[PDB]
file final-v1.cif (mmCIF, N, CA and C atoms)
data_model
#
loop_
_atom_site.group_PDB
_atom_site.id
_atom_site.type_symbol
_atom_site.label_atom_id
_atom_site.label_comp_id
_atom_site.auth_asym_id
_atom_site.auth_seq_id
_atom_site.Cartn_x
_atom_site.Cartn_y
_atom_site.Cartn_z
ATOM 1 N N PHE O 1 41.587 22.793 -31.608
ATOM 2 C CA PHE O 1 41.256 23.915 -30.744
ATOM 3 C C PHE O 1 42.169 23.898 -29.529
ATOM 4 N N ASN O 2 42.278 25.054 -28.871
ATOM 5 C CA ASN O 2 43.121 25.213 -27.681
ATOM 6 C C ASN O 2 42.419 26.208 -26.758
ATOM 7 N N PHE O 3 41.756 25.686 -25.730
ATOM 8 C CA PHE O 3 40.978 26.498 -24.797
ATOM 9 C C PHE O 3 41.730 26.569 -23.472
ATOM 10 N N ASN O 4 42.382 27.708 -23.226
ATOM 11 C CA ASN O 4 43.092 27.969 -21.972
ATOM 12 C C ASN O 4 44.152 26.910 -21.683
ATOM 13 N N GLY O 5 44.771 26.374 -22.732
ATOM 14 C CA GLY O 5 45.755 25.323 -22.596
ATOM 15 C C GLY O 5 45.225 23.926 -22.831
ATOM 16 N N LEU O 6 43.908 23.737 -22.793
ATOM 17 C CA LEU O 6 43.304 22.436 -23.059
ATOM 18 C C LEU O 6 43.060 22.318 -24.558
ATOM 19 N N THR O 7 43.814 21.445 -25.216
ATOM 20 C CA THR O 7 43.678 21.248 -26.649
ATOM 21 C C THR O 7 42.907 19.964 -26.947
ATOM 22 N N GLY O 8 42.480 19.834 -28.196
ATOM 23 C CA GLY O 8 41.713 18.671 -28.608
ATOM 24 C C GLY O 8 41.341 18.782 -30.069
ATOM 25 N N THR O 9 40.624 17.763 -30.538
ATOM 26 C CA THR O 9 40.147 17.703 -31.913
ATOM 27 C C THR O 9 38.712 17.198 -31.917
ATOM 28 N N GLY O 10 37.820 17.964 -32.531
ATOM 29 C CA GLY O 10 36.424 17.583 -32.592
ATOM 30 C C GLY O 10 35.589 18.718 -33.142
ATOM 31 N N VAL O 11 34.314 18.409 -33.373
ATOM 32 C CA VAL O 11 33.379 19.346 -33.985
ATOM 33 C C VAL O 11 32.736 20.193 -32.897
ATOM 34 N N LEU O 12 32.643 21.494 -33.151
ATOM 35 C CA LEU O 12 32.068 22.438 -32.208
ATOM 36 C C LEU O 12 30.685 22.863 -32.679
ATOM 37 N N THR O 13 29.723 22.825 -31.761
ATOM 38 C CA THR O 13 28.348 23.191 -32.057
ATOM 39 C C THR O 13 27.779 23.934 -30.857
ATOM 40 N N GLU O 14 26.751 24.742 -31.113
ATOM 41 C CA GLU O 14 26.103 25.491 -30.045
ATOM 42 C C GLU O 14 25.535 24.534 -29.004
ATOM 43 N N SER O 15 25.814 24.814 -27.737
ATOM 44 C CA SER O 15 25.422 23.935 -26.648
ATOM 45 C C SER O 15 24.100 24.378 -26.034
ATOM 46 N N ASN O 16 23.513 23.475 -25.242
ATOM 47 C CA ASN O 16 22.289 23.778 -24.512
ATOM 48 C C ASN O 16 22.339 23.253 -23.080
ATOM 49 N N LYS O 17 23.513 22.846 -22.604
ATOM 50 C CA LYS O 17 23.649 22.334 -21.248
ATOM 51 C C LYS O 17 23.503 23.463 -20.236
ATOM 52 N N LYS O 18 22.910 23.140 -19.085
ATOM 53 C CA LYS O 18 22.597 24.136 -18.060
ATOM 54 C C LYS O 18 23.793 24.275 -17.121
ATOM 55 N N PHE O 19 24.765 25.073 -17.553
ATOM 56 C CA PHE O 19 25.941 25.323 -16.732
ATOM 57 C C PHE O 19 25.651 26.348 -15.646
ATOM 58 N N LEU O 20 26.174 26.086 -14.452
ATOM 59 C CA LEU O 20 26.164 27.088 -13.402
ATOM 60 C C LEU O 20 27.157 28.198 -13.749
ATOM 61 N N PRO O 21 26.968 29.402 -13.198
ATOM 62 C CA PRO O 21 27.867 30.513 -13.561
ATOM 63 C C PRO O 21 29.337 30.233 -13.293
ATOM 64 N N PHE O 22 29.661 29.537 -12.202
ATOM 65 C CA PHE O 22 31.057 29.312 -11.847
ATOM 66 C C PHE O 22 31.692 28.159 -12.616
ATOM 67 N N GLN O 23 30.891 27.306 -13.249
ATOM 68 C CA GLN O 23 31.422 26.135 -13.928
ATOM 69 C C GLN O 23 32.194 26.532 -15.184
ATOM 70 N N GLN O 24 33.136 25.671 -15.572
ATOM 71 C CA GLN O 24 33.968 25.939 -16.738
ATOM 72 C C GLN O 24 34.047 24.743 -17.680
ATOM 73 N N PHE O 25 33.903 23.533 -17.143
ATOM 74 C CA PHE O 25 34.129 22.315 -17.906
ATOM 75 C C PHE O 25 32.941 21.375 -17.778
ATOM 76 N N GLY O 26 32.768 20.535 -18.795
ATOM 77 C CA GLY O 26 31.802 19.457 -18.753
ATOM 78 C C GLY O 26 32.452 18.127 -19.074
ATOM 79 N N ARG O 27 32.484 17.218 -18.104
ATOM 80 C CA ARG O 27 33.172 15.946 -18.248
ATOM 81 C C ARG O 27 32.161 14.806 -18.267
ATOM 82 N N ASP O 28 32.592 13.671 -18.805
ATOM 83 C CA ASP O 28 31.736 12.512 -19.011
ATOM 84 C C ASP O 28 32.099 11.396 -18.037
ATOM 85 N N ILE O 29 31.381 10.279 -18.169
ATOM 86 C CA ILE O 29 31.642 9.101 -17.349
ATOM 87 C C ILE O 29 32.977 8.453 -17.683
ATOM 88 N N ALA O 30 33.494 8.669 -18.890
ATOM 89 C CA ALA O 30 34.808 8.180 -19.282
ATOM 90 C C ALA O 30 35.905 9.208 -19.045
ATOM 91 N N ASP O 31 35.583 10.324 -18.388
ATOM 92 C CA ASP O 31 36.529 11.402 -18.104
ATOM 93 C C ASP O 31 37.088 11.995 -19.400
ATOM 94 N N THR O 32 36.165 12.370 -20.284
ATOM 95 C CA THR O 32 36.484 13.048 -21.531
ATOM 96 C C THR O 32 35.626 14.299 -21.643
ATOM 97 N N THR O 33 36.242 15.395 -22.079
ATOM 98 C CA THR O 33 35.532 16.662 -22.178
ATOM 99 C C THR O 33 34.427 16.582 -23.224
ATOM 100 N N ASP O 34 33.284 17.192 -22.912
ATOM 101 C CA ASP O 34 32.146 17.196 -23.824
ATOM 102 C C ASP O 34 31.677 18.616 -24.115
ATOM 103 N N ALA O 35 31.790 19.505 -23.132
ATOM 104 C CA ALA O 35 31.339 20.877 -23.285
ATOM 105 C C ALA O 35 32.291 21.813 -22.555
ATOM 106 N N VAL O 36 32.305 23.074 -22.987
ATOM 107 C CA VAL O 36 33.205 24.077 -22.432
ATOM 108 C C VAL O 36 32.617 25.454 -22.708
ATOM 109 N N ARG O 37 32.989 26.422 -21.874
ATOM 110 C CA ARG O 37 32.546 27.803 -22.015
ATOM 111 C C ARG O 37 33.684 28.649 -22.572
ATOM 112 N N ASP O 38 33.376 29.459 -23.580
ATOM 113 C CA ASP O 38 34.394 30.291 -24.201
ATOM 114 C C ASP O 38 34.906 31.326 -23.201
ATOM 115 N N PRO O 39 36.213 31.600 -23.181
ATOM 116 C CA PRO O 39 36.751 32.552 -22.199
ATOM 117 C C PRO O 39 36.581 34.007 -22.608
ATOM 118 N N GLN O 40 36.528 34.275 -23.914
ATOM 119 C CA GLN O 40 36.384 35.650 -24.384
ATOM 120 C C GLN O 40 34.941 36.124 -24.257
ATOM 121 N N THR O 41 34.027 35.463 -24.959
ATOM 122 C CA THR O 41 32.605 35.751 -24.876
ATOM 123 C C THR O 41 31.919 34.678 -24.043
ATOM 124 N N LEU O 42 30.836 35.065 -23.374
ATOM 125 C CA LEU O 42 30.143 34.182 -22.444
ATOM 126 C C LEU O 42 29.066 33.405 -23.195
ATOM 127 N N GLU O 43 29.326 32.125 -23.442
ATOM 128 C CA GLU O 43 28.348 31.227 -24.046
ATOM 129 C C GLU O 43 28.746 29.796 -23.697
ATOM 130 N N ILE O 44 28.054 28.830 -24.296
ATOM 131 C CA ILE O 44 28.315 27.417 -24.062
ATOM 132 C C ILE O 44 28.539 26.729 -25.400
ATOM 133 N N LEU O 45 29.476 25.783 -25.414
ATOM 134 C CA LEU O 45 29.837 25.057 -26.622
ATOM 135 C C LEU O 45 29.856 23.566 -26.326
ATOM 136 N N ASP O 46 29.553 22.763 -27.342
ATOM 137 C CA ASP O 46 29.613 21.311 -27.250
ATOM 138 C C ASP O 46 30.698 20.795 -28.182
ATOM 139 N N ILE O 47 31.571 19.938 -27.658
ATOM 140 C CA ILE O 47 32.645 19.331 -28.435
ATOM 141 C C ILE O 47 32.351 17.844 -28.576
ATOM 142 N N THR O 48 32.552 17.316 -29.781
ATOM 143 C CA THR O 48 32.288 15.919 -30.077
ATOM 144 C C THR O 48 33.270 15.459 -31.149
ATOM 145 N N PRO O 49 33.886 14.289 -30.995
ATOM 146 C CA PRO O 49 34.681 13.736 -32.096
ATOM 147 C C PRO O 49 33.818 13.569 -33.339
ATOM 148 N N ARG A 1 21.326 5.366 -25.543
ATOM 149 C CA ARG A 1 21.313 6.042 -24.252
ATOM 150 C C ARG A 1 22.677 6.713 -24.051
ATOM 151 N N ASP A 2 23.193 6.727 -22.821
ATOM 152 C CA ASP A 2 24.465 7.396 -22.566
ATOM 153 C C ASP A 2 25.636 6.425 -22.662
ATOM 154 N N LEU A 3 25.520 5.263 -22.016
ATOM 155 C CA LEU A 3 26.582 4.262 -22.082
ATOM 156 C C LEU A 3 26.773 3.752 -23.504
ATOM 157 N N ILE A 4 25.672 3.490 -24.210
ATOM 158 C CA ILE A 4 25.766 2.956 -25.565
ATOM 159 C C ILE A 4 26.426 3.966 -26.495
ATOM 160 N N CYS A 5 26.033 5.236 -26.392
ATOM 161 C CA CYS A 5 26.637 6.264 -27.233
ATOM 162 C C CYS A 5 28.084 6.537 -26.844
ATOM 163 N N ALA A 6 28.414 6.426 -25.554
ATOM 164 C CA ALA A 6 29.776 6.708 -25.110
ATOM 165 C C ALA A 6 30.771 5.711 -25.689
ATOM 166 N N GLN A 7 30.404 4.429 -25.728
ATOM 167 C CA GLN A 7 31.330 3.414 -26.219
ATOM 168 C C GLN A 7 31.497 3.474 -27.732
ATOM 169 N N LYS A 8 30.505 4.008 -28.450
ATOM 170 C CA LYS A 8 30.639 4.157 -29.895
ATOM 171 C C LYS A 8 31.756 5.133 -30.246
ATOM 172 N N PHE A 9 31.860 6.236 -29.501
ATOM 173 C CA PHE A 9 32.873 7.242 -29.799
ATOM 174 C C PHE A 9 34.280 6.702 -29.575
ATOM 175 N N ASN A 10 34.454 5.845 -28.566
ATOM 176 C CA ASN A 10 35.783 5.320 -28.268
ATOM 177 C C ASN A 10 36.280 4.380 -29.359
ATOM 178 N N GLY A 11 35.394 3.574 -29.939
ATOM 179 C CA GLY A 11 35.790 2.658 -30.989
ATOM 180 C C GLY A 11 35.079 1.323 -30.928
ATOM 181 N N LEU A 12 34.472 1.018 -29.785
ATOM 182 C CA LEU A 12 33.738 -0.226 -29.636
ATOM 183 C C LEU A 12 32.499 -0.216 -30.528
ATOM 184 N N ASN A 13 32.001 -1.410 -30.835
ATOM 185 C CA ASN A 13 30.876 -1.545 -31.748
ATOM 186 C C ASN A 13 30.085 -2.796 -31.398
ATOM 187 N N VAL A 14 28.837 -2.821 -31.854
ATOM 188 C CA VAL A 14 27.977 -3.992 -31.746
ATOM 189 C C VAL A 14 27.379 -4.260 -33.119
ATOM 190 N N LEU A 15 27.335 -5.530 -33.503
ATOM 191 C CA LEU A 15 26.869 -5.857 -34.837
ATOM 192 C C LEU A 15 25.533 -6.590 -34.781
ATOM 193 N N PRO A 16 24.671 -6.392 -35.773
ATOM 194 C CA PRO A 16 23.371 -7.066 -35.774
ATOM 195 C C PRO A 16 23.518 -8.532 -36.135
ATOM 196 N N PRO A 17 22.692 -9.400 -35.556
ATOM 197 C CA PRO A 17 22.691 -10.802 -35.981
ATOM 198 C C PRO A 17 22.176 -10.934 -37.404
ATOM 199 N N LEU A 18 22.694 -11.942 -38.110
ATOM 200 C CA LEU A 18 22.270 -12.167 -39.488
ATOM 201 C C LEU A 18 20.785 -12.498 -39.555
ATOM 202 N N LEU A 19 20.320 -13.379 -38.675
ATOM 203 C CA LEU A 19 18.911 -13.746 -38.637
ATOM 204 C C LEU A 19 18.179 -12.854 -37.641
ATOM 205 N N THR A 20 17.256 -12.038 -38.142
ATOM 206 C CA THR A 20 16.470 -11.173 -37.274
ATOM 207 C C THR A 20 15.476 -11.995 -36.462
ATOM 208 N N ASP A 21 15.018 -11.415 -35.353
ATOM 209 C CA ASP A 21 14.089 -12.107 -34.460
ATOM 210 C C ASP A 21 12.716 -12.332 -35.078
ATOM 211 N N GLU A 22 12.485 -11.900 -36.317
ATOM 212 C CA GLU A 22 11.239 -12.193 -37.013
ATOM 213 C C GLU A 22 11.341 -13.490 -37.809
ATOM 214 N N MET A 23 12.471 -13.703 -38.489
ATOM 215 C CA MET A 23 12.677 -14.959 -39.203
ATOM 216 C C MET A 23 12.775 -16.137 -38.245
ATOM 217 N N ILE A 24 13.307 -15.912 -37.041
ATOM 218 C CA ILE A 24 13.389 -16.981 -36.048
ATOM 219 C C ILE A 24 11.994 -17.448 -35.659
ATOM 220 N N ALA A 25 11.065 -16.507 -35.480
ATOM 221 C CA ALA A 25 9.679 -16.860 -35.210
ATOM 222 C C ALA A 25 9.002 -17.529 -36.398
ATOM 223 N N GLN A 26 9.607 -17.476 -37.583
ATOM 224 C CA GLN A 26 9.075 -18.163 -38.755
ATOM 225 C C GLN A 26 9.610 -19.587 -38.869
ATOM 226 N N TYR A 27 10.858 -19.819 -38.450
ATOM 227 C CA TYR A 27 11.353 -21.185 -38.307
ATOM 228 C C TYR A 27 10.516 -21.968 -37.305
ATOM 229 N N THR A 28 10.216 -21.350 -36.159
ATOM 230 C CA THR A 28 9.528 -22.061 -35.087
ATOM 231 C C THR A 28 8.140 -22.518 -35.515
ATOM 232 N N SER A 29 7.439 -21.709 -36.314
ATOM 233 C CA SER A 29 6.144 -22.130 -36.836
ATOM 234 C C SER A 29 6.279 -23.369 -37.712
ATOM 235 N N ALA A 30 7.314 -23.414 -38.553
ATOM 236 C CA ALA A 30 7.554 -24.602 -39.367
ATOM 237 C C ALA A 30 7.885 -25.808 -38.498
ATOM 238 N N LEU A 31 8.718 -25.615 -37.471
ATOM 239 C CA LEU A 31 9.029 -26.710 -36.557
ATOM 240 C C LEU A 31 7.800 -27.160 -35.780
ATOM 241 N N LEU A 32 6.822 -26.272 -35.600
ATOM 242 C CA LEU A 32 5.639 -26.587 -34.812
ATOM 243 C C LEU A 32 4.451 -27.024 -35.658
ATOM 244 N N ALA A 33 4.336 -26.534 -36.894
ATOM 245 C CA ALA A 33 3.237 -26.958 -37.753
ATOM 246 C C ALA A 33 3.408 -28.392 -38.233
ATOM 247 N N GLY A 34 4.644 -28.808 -38.516
ATOM 248 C CA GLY A 34 4.872 -30.179 -38.939
ATOM 249 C C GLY A 34 4.619 -31.186 -37.832
ATOM 250 N N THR A 35 4.998 -30.842 -36.599
ATOM 251 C CA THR A 35 4.863 -31.784 -35.492
ATOM 252 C C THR A 35 3.405 -32.085 -35.171
ATOM 253 N N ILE A 36 2.514 -31.103 -35.330
ATOM 254 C CA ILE A 36 1.107 -31.303 -34.996
ATOM 255 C C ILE A 36 0.307 -31.922 -36.133
#

call {"tool": "encode", "arguments": {"input": "final-v1.cif", "output": "structure tokens"}}
result
Amino acid sequence: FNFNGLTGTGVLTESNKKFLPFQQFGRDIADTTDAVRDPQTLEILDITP
Amino acid sequence: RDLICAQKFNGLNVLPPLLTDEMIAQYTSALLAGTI
């Protein structure tokens, strides 16, 4: 996948994290992306290896 | 939890001991029944 220049490899599933409206990214304690919001349609996604 | 699941994705692992904590409590009874 390639989200606004941020690429990666992993499984995408419907998310349930409570993102604030202005937020765009979800990072972990190891500084690895876990969730992201689609730029075209407004929803939440979860990424996992 | 969170730390345990986070390290699994990176590649780290933890392995179970061969002797479970139930068989160990069975050795101890044998060590204790003979002594008494």

call {"tool": "select_by_dssp", "arguments": {"input": "final-v1.cif", "residues": "chain O", "states": "strand (DSSP E)", "output": "ChimeraX atom specification"}}
result
/O:2-3,6-7,11-14,25-27,33-36,45-48

call {"tool": "select_by_dssp", "arguments": {"input": "final-v1.cif", "residues": "chain A", "states": "alpha helix (DSSP H)", "output": "ChimeraX atom specification"}}
result
/A:2-10,21-35

call {"tool": "axis_aligned_box", "arguments": {"input": "final-v1.cif", "around": "range 6-24 of chain O", "padding_each_side": "4 Å", "output": "AutoDock Vina command-line options"}}
result
--center_x 33.1 --center_y 23.9 --center_z -22.9 --size_x 29.6 --size_y 21.3 --size_z 30.1

call {"tool": "residues_around", "arguments": {"input": "final-v1.cif", "residues": "residue 11 in chain A", "least_positions_apart": "6", "cutoff": "12 Å", "atoms": "only C-alpha atoms", "output": "PyMOL selection string"}}
result
(chain O and resi 49) or (chain A and resi 4-5)

call {"tool": "atom_distance", "arguments": {"input": "final-v1.cif", "atom1": "CA of residue 10 in chain O", "atom2": "CA of residue 16 in chain A"}}
result
28.1 Å

call {"tool": "resolve_selection", "arguments": {"input": "final-v1.cif", "expression": "the PyMOL selection byres ((chain O and resi 42-44) around 7)", "output": "PyMOL selection string"}}
result
chain O and resi 13-17+35-41+45-46

call {"tool": "resolve_selection", "arguments": {"input": "final-v1.cif", "expression": "the PyMOL selection byres ((chain O and name CA) within 10 of (chain A and name CA))", "output": "PyMOL selection string"}}
result
chain O and resi 28-30+32+48-49

call {"tool": "atom_distance", "arguments": {"input": "final-v1.cif", "atom1": "atom N of residue 32 in chain A", "atom2": "CA of residue 19 in chain A"}}
result
17.7 Å

call {"tool": "atom_distance", "arguments": {"input": "final-v1.cif", "atom1": "CA of residue 5 in chain O", "atom2": "atom N of residue 24 in chain O"}}
result
14.4 Å
